[PDB]
Amino acid sequence: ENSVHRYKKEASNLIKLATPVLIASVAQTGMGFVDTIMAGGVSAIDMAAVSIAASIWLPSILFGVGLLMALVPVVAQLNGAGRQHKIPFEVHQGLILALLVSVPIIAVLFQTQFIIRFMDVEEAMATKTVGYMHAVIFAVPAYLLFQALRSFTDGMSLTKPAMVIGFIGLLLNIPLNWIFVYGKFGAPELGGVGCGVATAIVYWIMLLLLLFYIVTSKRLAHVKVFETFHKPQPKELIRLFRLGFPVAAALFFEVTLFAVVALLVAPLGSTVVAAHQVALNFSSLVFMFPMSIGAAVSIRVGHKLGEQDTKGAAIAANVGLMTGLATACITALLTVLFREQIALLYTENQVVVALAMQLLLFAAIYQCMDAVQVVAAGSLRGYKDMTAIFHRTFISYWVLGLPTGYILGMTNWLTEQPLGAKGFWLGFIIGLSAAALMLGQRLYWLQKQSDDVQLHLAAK
Ligand SMILES: [Rb+]
């Protein structure tokens, strides 16, 4: 029984979600730069590049409040095989809040879009172009919710819709852009106006997968149909909040903090690229990896949580964990080689490859400890309120990390080190391996007794 049944089902479960979830990222990122940079990038005169950049930036924060409307969707809990129903209303409910948020964000949207801060050039251009192409990315989150139930939750959990709008999504974007970003066959557009239009068509397709793969459930029924408002479930939404609030600010409010530091500590040279290029890019993607595992094990841990209420921990926990280290490990320890050519990455010259190669190094290891931090956290703890204190945990490694890490760049500015820039980039890792330690002492919390339905007695 020891490890036998563990790695067995552990392995399985993870992958069924693994491959799914992974490909999905290829959507986000894949589609992301694809139709985005491709056209509105080397076309609106690179004024497509930097312009559309700040564009979806603002959105970045937004999509943030969006994950709040996603841990709700981990609520794929009430199907521990138990209430394989009651979820339909639980869901419909979420979806509502979906809109009840996108709008609270449209505000921020329209207005600042008209305000920017300066008048560079992205103004007019990106500004309102993607501007109403953003009204588009409000109807997107609605779909996002669908994904909640299906996509990830997938009724019980059959994360397949990934590759659905996945391979299908990115595909579409491409030509939709072509003809629109300029193409012309009813109207020829511009870069920002482009990536943007491509976007309208996105939540379009998304809806497609929405209704479709969901109310069609080629395999199941036990679905939706009649729904309604709510004030107390919307108080449970205040729980969808007091669960989603701990994630929204976390990952994204933090997203701003992330931004903060680096920049602040980005005047440390032309390295900007080194740092920027290296770290950011490559990493971001390897990060994309362990995060994949998370929501898998996060949901996977959340379904096995609800059956006989067995040992999903050692499983989902000790499993998911054990493996991301591989991926982190494997990706990290494979990363090592790829420096030089990876370095290339952003098509240029020697431009940092050396220190880049060095900075490159920093990432491999981050990916490592980062991985560990992700998983446990957002996943196991991602189950519920842990999300509340996984959040606390979040900033614990933050303030400690960064200031410690910048003051590491700055320790050069203090004690002493071979390169304050690279090195400060590093202090950041300290943060992630630091917080990564933090959720470990969240070691289930005394593990689970019957304080499990207690988490769902404050979550139910
Ligand atoms: Rb990061």
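Here the Cβ is made from the backbone with ideal geometry for all residues, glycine too, and neighbour counts use every protein chain on show. Each reported figure results from applying straightforward, stated rules to the coordinates on display, with no laboratory input.
What's the number of the only condition in (1) in a helix (DSSP H, G or I); (2) in contact with a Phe, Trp or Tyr (Cβ under 9 Å, 6 or more places away or on another chain); (3) more than 16 Å from the ligand (Cβ to nearest atom) that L240 fails to meet?
(2)
Counting only residues that are out of contact with any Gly (no Cβ under 8 Å at 6 or more places or on another chain) and among the aliphatic types (A, V, I, L, M), which one in segment 285-300 is farthest from the ligand (Cβ to nearest atom)?
Here the residue is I299.
Tell me the residue from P418, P403 that is within 16 Å of the ligand (Cβ to nearest atom) and closer than 24 Å to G269 by Cα, please.
Of the residues listed, the single one that is within 16 Å of the ligand (Cβ to nearest atom) and closer than 24 Å to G269 by Cα is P403.
For the subset of segment 442-460 comprising residues that are in a helix (DSSP H, G or I) and surrounded by 17 or more Cβ atoms within 10 Å (Cβ to Cβ), which member is farthest from the ligand (Cβ to nearest atom)? Quick ask: steps written out before the conclusion?
To start, the set of residues in segment 442-460 that are in a helix (DSSP H, G or I) comprises 442, 452-455.
Then keep just the ones that are surrounded by 17 or more Cβ atoms within 10 Å (Cβ to Cβ); that gives 452, 455.
Working: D452: 31, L455: 28 Å.
Among them, the one singled out is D452.
Just for segment 411-423: of the residues that are in contact (Cβ under 8 Å) with a residue 40 or more places away in the chain and out of contact with any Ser or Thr (no Cβ under 7 Å at 6 or more places or on another chain), which one is surrounded by the fewest Cβ atoms within 10 Å (Cβ to Cβ)?
Initial filter on segment 411-423 (in contact (Cβ under 8 Å) with a residue 40 or more places away in the chain): 419-422.
Imposing the further condition that a residue be out of contact with any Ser or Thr (no Cβ under 7 Å at 6 or more places or on another chain) reduces the set to 419-420, 422.
On the way: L419: 17, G420: 23, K422: 25.
Among them, the one singled out is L419.
Pairs please, first residue from segment 195-214 and over 14 Å from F138 (Cα atoms), second anywhere and of a type in the set (K, R), Cβ atoms under 9 Å, 6+ apart in sequence or on different chains.
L209/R150; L210/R150; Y213/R150; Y213/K160; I214/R150; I214/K224
Taking the residues in segment 176-194 that are of a type outside the set (A, V, I, L, M, F, W, C) and either in contact with a strand residue (DSSP E or B) (Cβ under 8 Å, 6 or more places away or on another chain) or part of a helix (DSSP H, G or I) (or both) as candidates, determine which candidate is farthest from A54 (Cα to Cα). Outline the logic, then answer.
Of segment 176-194, the ones of a type outside the set (A, V, I, L, M, F, W, C) are 177, 182-184, 186, 188-189, 191-192, 194.
From what is left, the residues that are either in contact with a strand residue (DSSP E or B) (Cβ under 8 Å, 6 or more places away or on another chain) or part of a helix (DSSP H, G or I) (or both) are 177, 182-183, 191-192, 194.
Working: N177: 19, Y182: 21, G183: 25, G191: 13, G192: 11, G194: 15 Å.
Applying the filter and picking the extreme gives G183.
Taking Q77 and the conditions (1) polar (S, T, N, Q); (2) in contact with a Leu (Cβ under 9 Å, 6 or more places away or on another chain); (3) closer than 30 Å to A126 by Cβ, which numbered condition does it fall short on, given that it satisfies the others?
(3) is the only condition that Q77 fails.
crowded, with 22+ Cβ neighbours inside 10 Å, within 16 Å of the ligand (Cβ to nearest atom) and of a type in the set (F, W, Y): is that true of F282 in this structure? Even if it seems obvious, please write down each step before you answer.
Values: crowded, with 22+ Cβ neighbours inside 10 Å: yes; within 16 Å of the ligand (Cβ to nearest atom): yes; of a type in the set (F, W, Y): yes.
Yes; evaluated as a whole, the condition is true for this residue.
Out of (1) assigned to a helix (DSSP H, G or I); (2) within 16 Å of the ligand (Cβ to nearest atom), what's the single condition that is false for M357?
(2)
Only one of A259, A221, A274 is more than 13 Å from the ligand (Cβ to nearest atom), free of Cβ contacts under 8 Å to residues at least 60 places away in the same chain and among the hydrophobic types (A, V, I, L, M, F, W, C); which?
Working: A259 fails: more than 13 Å from the ligand (Cβ to nearest atom); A274 fails: free of Cβ contacts under 8 Å to residues at least 60 places away in the same chain.
Answer to the selection: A221.
Pairs, please: C-beta under 7 Å, at least 6 apart or cross-chain, first residue in a helix (DSSP H, G or I) and in segment 430-441, second among the acidic types (D, E)?
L432/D370
Kindly check whether there is at least one residue in segment 40-48 that is on the phi < 0 side of the Ramachandran plot, surrounded by fewer than 18 Cβ atoms within 10 Å (Cβ to Cβ) and among the charged types (D, E, K, R).
Taking every residue of segment 40-48 in turn, none turns out to be on the phi < 0 side of the Ramachandran plot, surrounded by fewer than 18 Cβ atoms within 10 Å (Cβ to Cβ) and among the charged types (D, E, K, R).
Residues in segment 301-311: is at least one closer than 18 Å to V372 by Cβ, within 16 Å of the ligand (Cβ to nearest atom) and not aromatic (F, W, Y)? Talk me through it step by step, then tell me what you get.
Within segment 301-311, the subset closer than 18 Å to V372 by Cβ is 301.
Now drop any that are not within 16 Å of the ligand (Cβ to nearest atom), which leaves none.
No, segment 301-311 has no match at all.
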